[PDB]
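Here the structure is laid out as structure tokens; the discussion comes afterwards.
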Amino acid sequence: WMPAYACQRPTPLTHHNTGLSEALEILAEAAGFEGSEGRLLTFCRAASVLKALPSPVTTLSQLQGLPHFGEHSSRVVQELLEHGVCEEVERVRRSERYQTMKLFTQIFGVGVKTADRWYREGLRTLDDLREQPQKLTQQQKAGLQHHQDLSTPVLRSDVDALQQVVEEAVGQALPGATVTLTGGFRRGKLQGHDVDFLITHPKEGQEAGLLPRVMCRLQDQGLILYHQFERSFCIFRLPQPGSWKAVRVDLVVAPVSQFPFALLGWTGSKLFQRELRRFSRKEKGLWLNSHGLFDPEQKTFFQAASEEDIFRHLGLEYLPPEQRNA
DNA sequence: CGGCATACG
DNA sequence: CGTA
DNA sequence: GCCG
Ligand SMILES: [Mg+2]
Ligand code: NA
Ligand code: NA
């Protein structure tokens, strides 16, 4: 009965199989570090299936028939239920390769291919990277400079403060423009490692050129540590009592015709959105992105006024943001 | 066997 | 490549 | 790794 696509089932923020899903997500992460995006996707999908189950899995029998559970994912669950630990997962956890690849890829500006090159060159610590600044892009230098702050959870109080300063800059840049919180906080998370805002204006076209004006106004108030269009992946200098901390903020501008598509895309989760786009193309023959939904045979775009419109057109039961935690 | 989301900076 |  |  469990549907095969994550966009076909509700996934709440709090679920009953954290231990099993976290183990499968270790194996997914490790598959990514070794360049196997297909194995990463399967282990991610299997972990997500467990998040959608109504009760704890306590016996191997309860996996029968579940999508994305084959011999490998089932054996991991089996060893966790029988023994409380999966040897493969523990081997990965404790490996120098996994630990270093995790350390490096958590840096803003560094992905798997960069981290892997540095690993092969013998680098192992953040200090090692700092010792060779020539090997770093400007983005990576900013990621490393602010790494301690960026590893500190962002809280709702930070979000609310950031939304106010973004709203102030947006309103100074374009009267009538709006700011919508997206990302994990819109899904109900109480913490995050960044904050996402989606900006539009109710009159189509008025938002042209808006994001550079917003960034200038934020930079003039001393709020920007790093940036650099319609998407800006920033590091903000967020005031705190007596001080400040760096926070990752993403700002996105969309024309209002695209707003429901951008809201859907930027609200996530990442797996939910990959699965939704896969479902759209493979099951419905329609092409989905954060700008629109395209019928390639009629050569037309679907006009949506809400996220609900997008789900209904795809033949999917609507899921509110707090049920998209795939 | 081959696919695996789909953009922008 | 990196970001989402 | 799993599945169409
Ligand atoms: Mg973000
Ligand atoms: Na990174
Ligand atoms: Na986010």
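Throughout, chain A uses Swiss-Prot numbering, with the displayed residues spanning 137-364, 385-397, 410-494 in order.
Heads up, the Cβ atoms here are built off N, Cα and C, so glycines get one too.
According to Swiss-Prot, the protein carries these features:
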- A:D330, A:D332, A:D418: Mg(2+) binding site (BINDING)
- A:323-332: region 'Involved in ssDNA binding' (REGION)
- A:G433: site 'Responsible for the low discrimination between dNTP and rNTP' (SITE)
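Features per Swiss-Prot, on structure.
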residue : record                                                              : DSSP (3 states)
A:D330  : Mg(2+) binding site                                                 : coil
A:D418  : Mg(2+) binding site                                                 : strand
A:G433  : site 'Responsible for the low discrimination between dNTP and rNTP' : helix
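Listed in chain order, the extra residues whose Cβ falls within 8 Å of the Cβ center of the Mg(2+) site residues A:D330, A:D332, A:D418 are A:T318, A:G319, A:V331, A:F333, A:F389, A:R416, A:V417, A:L419, A:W434. Of the recorded residues, A:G433 (site 'Responsible for the low discrimination between dNTP and rNTP') and A:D330 (Mg(2+) binding site) place their C-alpha atoms 16 Å from one another.
Flanking an unmodelled run of 20 residues are A:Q364 and A:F385, whose Cα atoms lie 9 Å from one another. Packing around A:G433 (site 'Responsible for the low discrimination between dNTP and rNTP') is summarised by its Cβ count: 20 other Cβ atoms lie within 10 angstroms of its Cβ, all protein chains included. In this structure, the recorded positions that sit close to ligand 3, with a C-beta under 6 angstroms from any of its atoms, are A:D330, A:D332, chosen from A:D330, A:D332, A:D418, A:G433.
Close contacts with ligand 1, defined as a Cβ under 6 Å from any of its atoms, occur at A:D330, A:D332, A:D418 among the recorded positions A:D330, A:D332, A:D418, A:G433. For A:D418 (Mg(2+) binding site), applying a Cβ distance below 8 Å and a minimum sequence separation of six or more within one chain yields A:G319, A:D330, A:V331, A:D332, A:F333, A:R387, A:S388, A:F389, A:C390, A:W434. Counting other Cβ atoms within 10 Å of each Cβ, the binding-site residues A:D330, A:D332 show the lowest value at A:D330.
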